[PDB]
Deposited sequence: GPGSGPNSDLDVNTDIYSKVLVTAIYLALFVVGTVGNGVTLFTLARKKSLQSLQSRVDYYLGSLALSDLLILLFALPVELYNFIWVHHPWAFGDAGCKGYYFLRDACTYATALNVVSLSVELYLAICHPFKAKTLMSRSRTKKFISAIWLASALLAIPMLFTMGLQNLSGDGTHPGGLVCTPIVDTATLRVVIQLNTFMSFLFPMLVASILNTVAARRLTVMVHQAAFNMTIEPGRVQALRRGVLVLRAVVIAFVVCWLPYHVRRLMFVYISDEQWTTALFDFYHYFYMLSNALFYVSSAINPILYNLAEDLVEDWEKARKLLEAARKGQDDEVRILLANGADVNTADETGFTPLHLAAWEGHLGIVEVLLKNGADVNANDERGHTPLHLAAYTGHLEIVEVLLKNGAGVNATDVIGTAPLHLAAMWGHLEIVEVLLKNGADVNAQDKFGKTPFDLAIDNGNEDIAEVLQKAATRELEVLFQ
């Protein structure tokens, strides 16, 4: 139908530009990045080799299928008819062999790190990626002789029996065999790394390579499995003609698998980067929360430089600033604020860093917070404000600073207690006297 033609055409154009940009940016990045780790540079060479095959499908295969299949009712020549299937077949091999070769290098590095250290270099990996690309072209040569131009339409130039044989072998050799090998090696590599880790940043690269691979495998398996199942349906089909429902099913499934093929190649960079960056982000986030609390000045400085989230909140809603303000680390509080730390950050109860700074009696930090635009009158779910906690725990110095920055003396909590009530009940006579004076500010100012 026309609705289906418009739907699919839009998806192809979306996949094309996003895939071309994504894989295009990837190649530029990985080509022009200087990784300070031998193993991680080799992982990049494989992702660069995958980005190349991803781009060839999107620039040479997608437009032909878009044009000479769905969009319009053949005009790419015999070279194009043969070239299309050859190039598409070649890329799928190059992908499957890149994923296997990568999974092999990771497996050896984890299970045999001693041998892998001496018997693996960037030059050796560059040698195999060539071999992968050269072997891919070698295995894809049969497709040049199975499809040809006749009448002008691009149709098979061999009997269905012979065509069934090459397609069957292709699906097994190009997908089923390698993907399973990659999957097993990846699964085993991940398990033995856990044991290997338990016993400078080689483990991070090995952890990154496993995550990257795992996601890249799942993406291409999920996306090409329907496409290859379809090709096995072709070779193992029953008699001519079936129920209209069955014809509708195979037609939709054919049209679907066609589209799903280009999904994998398009959003692969985004998917493996997202997954890898999520773990690295979460890691650096939790490292910052502990470094900020423990009082590690150097650790916090490095982690913020490495691009850790300064405003990251924990399960209880605490940011690095909350704990740094609580534990009384003035050096870190300033460093955090300089890096754009949210000074009015809330938690589960709705406490700000100023609530915690006042409670623990950190005068110097209380000022630096306020100086950087901290809410002096900020209240929690109970209705407690910094002035309540400062007066409560007998911190006269802070009470003066808070009042000096316009702290509400009449502010009450759920229990109907003012900062004065807390000061009096806690036997803080010194604080309570200043609070009663502050309350009579309006009276004295005008009259006197």
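- Numbered from the first deposited residue, the unresolved ranges run 1 to 14, 88 to 89, 168 to 177, 226 to 233.
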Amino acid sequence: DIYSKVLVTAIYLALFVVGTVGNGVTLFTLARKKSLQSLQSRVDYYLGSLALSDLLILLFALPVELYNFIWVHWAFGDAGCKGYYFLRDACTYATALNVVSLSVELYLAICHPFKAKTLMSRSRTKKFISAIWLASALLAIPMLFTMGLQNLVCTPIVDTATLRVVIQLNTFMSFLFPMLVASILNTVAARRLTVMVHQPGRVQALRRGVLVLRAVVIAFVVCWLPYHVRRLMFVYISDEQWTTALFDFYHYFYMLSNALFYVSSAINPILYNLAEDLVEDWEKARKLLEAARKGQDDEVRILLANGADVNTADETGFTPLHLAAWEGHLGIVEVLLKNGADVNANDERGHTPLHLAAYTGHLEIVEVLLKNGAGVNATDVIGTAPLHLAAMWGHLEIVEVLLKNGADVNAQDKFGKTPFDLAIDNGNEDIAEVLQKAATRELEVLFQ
From here on, numbers count along this sequence of modelled residues.
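- Between 40 to 48 and 26 to 34, it is 26 to 34 that carries the larger average Cα temperature factor according to the deposited entry.
- If you average the C-alpha B-factors over 232 to 240 and over 100 to 108, the higher value belongs to 232 to 240.
- For the set 207, 294, 198, 355, the PDB entry assigns the largest Cα B-factor to 198.
- Listed residues 360, 344, 92, 121 were ranked by CA B-factor as deposited; 121 comes out on top.
- In the PDB entry, a CA B factor belonging to the middle third of its chain's modelled residues is recorded for residue 409.
- Annotation for residue 247: C-alpha temperature factor in the highest third relative to the rest of the modelled chain, per the entry.
- Annotation for residue 227: CA B-factor lies in the middle third of the chain's modelled residues.
- The entry lists a Cα temperature factor for residue 188 that places it in the middle third of the chain's modelled residues.
- For residue 261, the recorded CA temperature factor ranks within the middle third of the chain's modelled residues.
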